[PDB]
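Q: model the following, please.
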Amino acid sequence: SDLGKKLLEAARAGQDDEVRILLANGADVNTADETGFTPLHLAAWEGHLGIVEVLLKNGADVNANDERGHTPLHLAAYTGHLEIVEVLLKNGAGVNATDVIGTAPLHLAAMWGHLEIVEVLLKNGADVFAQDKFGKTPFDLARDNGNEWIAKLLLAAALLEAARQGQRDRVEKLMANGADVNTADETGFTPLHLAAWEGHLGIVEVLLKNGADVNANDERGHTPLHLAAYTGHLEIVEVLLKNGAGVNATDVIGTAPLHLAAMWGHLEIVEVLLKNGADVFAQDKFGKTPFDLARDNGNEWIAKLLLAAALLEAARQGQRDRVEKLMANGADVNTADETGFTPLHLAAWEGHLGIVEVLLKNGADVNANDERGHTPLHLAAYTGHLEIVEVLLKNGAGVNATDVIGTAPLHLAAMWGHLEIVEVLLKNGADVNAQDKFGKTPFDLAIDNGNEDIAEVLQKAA
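A: Numbering: from 1, shown residues only. Structure as follows:
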């Protein structure tokens, strides 16, 4: 067609008026020459933006193919016409269309070093892994042609996507070629963020061996450990912790990994976070603790566990207010750690008289035994806390309780030179003749430790 021929050349020559006159005269907007080039092809190749937009407004096929599989987007990517690339994509151009050789627009922008075009193509979903007929990726071409900044950009985008998808072999080869293991997307997520979010234990391990920053923050302050505590990946939480992950990292909302674990019902992850130093008392902007979030979400099994851990620590530490506030929240007064120590055990050992009274006032077991038979009175007699010894005895403490070795409170008081406690125990019915499993009486122990005055008292009482 002569009209079509006139239109093709009018578009190739940048004659904006001629194009409009010819379209008004019925010229086929999608005419093709001997090799399949349409007016939109030629306008994109020659960089005539106005015509590109006119042809599209008149029904030009944005993805028209020449005989070799080139689209208008291929040609704009080749010639470096950023604005035409942007307009073509707006109108539905195939960002990943491949020619007969498997070449995509991203290959061409990387091959010829069009940085801004590479960035726009990636933003529009360009496939960084696309290989042409010869197995070349856009990165390979960038490197082959010495476009080193674009090559690193392609490595970064690839590593972020490979990490998210769990493609170990890809991740390894990307870092072998110099991929930045600590790159980030627009949100601030690093490859480690994405592997932990998606639950790829193998990738997390490989990333960390290659120097991944375990405490990378995103825009909102989220750490990889935050994400693993959110998603519930126990082993990943463990691996992150072993590699220096911060147990109490905080985000803009004030939430720590323990907040996330407790909110999303990850009991095992709460236990691991506690065992690794998680702060049960931390608070977020809304003014809530990990315990508060667990109770609201119906996880009493987690709420109680947080109360248990907090009570033992606060009882040991001597923090009376926390104890009283934890009792008001329903903390188990008789909870025990792995050794069997209750809050009362730990308050007596440390000499925290006030706390002893509170715990007893709230139903604490005055004769609770640890795994070895030590009662709270045993520990008070050991450390020499006269007031605590008297409070315990007043509350029904067993003055002659024997541990697994047959040791009684009087043995310990005599062995460690607490005369005033000896007299108190004797006054409360302590058995001066009790022998431990080695045949030792309190008298005998006082002698072995050079406590003359106590030995004299114990002898007369016999």
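Q: buried residues in stretch 45-54?
A: Of the residues in stretch 45-54, 45-49, 51-54 count as buried by neighbour count, 16 or more other CB atoms under 10 Å. To be clear about C-beta, it is placed using only N, CA and C from the backbone, and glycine gets the same treatment.
Q: report the central residue of the protein.
A: Note on the chain: the residue nearest the mean C-alpha position is residue 225, at 1.8 Å, using CA atoms, centre = their mean.
Q: gap between it and residue 4?
A: To residue 4, residue 225 is 64 Å away according to CB to CB, to the nearest Å.
Q: before we move on, what about residue 323?
A: Residue 323 is 90 Å from residue 4, where distance means CB to CB.
Q: of the two, who's got more company?
A: Counted by other CB atoms under 10 Å, residue 323 and residue 4 do not tie: residue 323 has more neighbours, with 25 against 18.
Q: what sits against the more buried one?
A: Residue 323 makes contacts with 311, 314-315, 343, 355, 358-359, as judged by CB atoms under 8 Å, 6 or more residues apart in numbering.
Q: cool, and residue 140?
A: Going by CB under 8 Å, 6+ apart, the list of residues near residue 140 is empty.
Q: mind listing what's buried in whichever strand or helix holds it?
A: Using DSSP states H and E, residue 140 maps to helix 138-144. The neighbour-count check on helix 138-144 (16+ other CB under 10 Å) flags 138-143 as buried.
Q: nearest to residue 266, of those residues?
A: Lowest distance from residue 266 to the buried residues of helix 138-144 (CB to CB) belongs to residue 139, with 38.4 Å.
Q: how far away is the closest one from residue 173?
A: 11 Å.
Q: what about residue 396, neighbour count?
A: Other residues within reach of residue 396, judged by other CB under 10 Å, total 11.
Q: the closest residue to it other than its chain neighbours and residue 314, how far apart?
A: Leaving aside its sequence neighbours, residue 396 sits nearest to residue 366 (CB to CB, 6 or more residues apart in numbering; 5.3 Å). For residue 366, the distance to residue 314 equals 20 Å [CB to CB].
Q: name the residue in those two with the higher neighbour count.
A: More neighbours surround residue 314 than the other of residue 366 and residue 314, with 25 against 20 (other CB under 10 Å).
Q: got a list of what that one touches?
A: 322-323, 326.
Q: closest to residue 267 among those residues?
A: Distances from residue 267 to the contacts of residue 314, taken by CB to CB, are shortest for residue 326, at 19.6 Å.
Q: thinking again about what came up before, OK, contacts around the closest residue to the residue nearest to the centre of the chain other than its chain neighbours?
A: In space, and not counting its chain neighbours, residue 225 is closest to residue 245: 4.4 Å by CB to CB, 6+ apart. Residues near residue 245 by CB under 8 Å, 6+ apart: 214-215, 223-225.
Q: narrow these to those in helices?
A: Under the assignment DSSP state H, the contacts of residue 245 contribute 224-225 to helices.
Q: now, among the contacts of residue 245, which is nearest to residue 189?
A: Nearest to residue 189 among those is residue 224, at 9.3 Å by CB to CB.
Q: the closest one touches residue 196, doesn't it?
A: Yes - in this structure residue 224 lies within contact range of residue 196 using CB atoms under 8 Å: 4.5 Å.
Q: quickly list what's touching both of the two.
A: By the contact definition CB under 8 Å, 6+ apart, residue 224 and residue 196 are jointly contacted by 204, 240.
Q: these two: which has the busier surroundings?
A: Between residue 224 and residue 196, counted using other CB under 10 Å, residue 224 has the larger neighbour count: 35 against 32.
Q: now do the same contact list for the more buried one.
A: For residue 224, the contacting residues are 190, 192-193, 196, 204, 214-216, 240, 245, by CB under 8 Å, 6+ apart.
Q: now residue 52. Nearest residue, chain neighbours left out?
A: Per CB to CB, 6+ apart, closest to residue 52 is residue 43, 4.8 Å.
Q: so what's the residue count around the one you found?
A: Residue 43 is flanked by 32 other residues according to other CB under 10 Å.
Q: one more: residue 350?
A: Residues lying near residue 350 (other CB under 10 Å) number 18.
Q: is it true that it touches residue 312?
A: No - using CB under 8 Å, residue 350 is not in contact with residue 312, being 11.7 Å away.
Q: can you classify the residue nearest to residue 52 by secondary structure?
A: Here residue 43 takes the helix state, with states given by DSSP: H, G, I helix; E, B strand; the rest coil.
Q: against residue 9, how distant is it?
A: From residue 43 across to residue 9, the span is 11 Å (CB to CB).
Q: including distance to residue 395, could the contacts of residue 245 go into a markdown table?
A: Conversion of the contacts of residue 245 to a markdown table gives the following (distance: CB to CB, whole Å):
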| residue | distance to residue 395 |
| --- | --- |
| 214 | 49 |
| 215 | 48 |
| 223 | 46 |
| 224 | 49 |
| 225 | 44 |
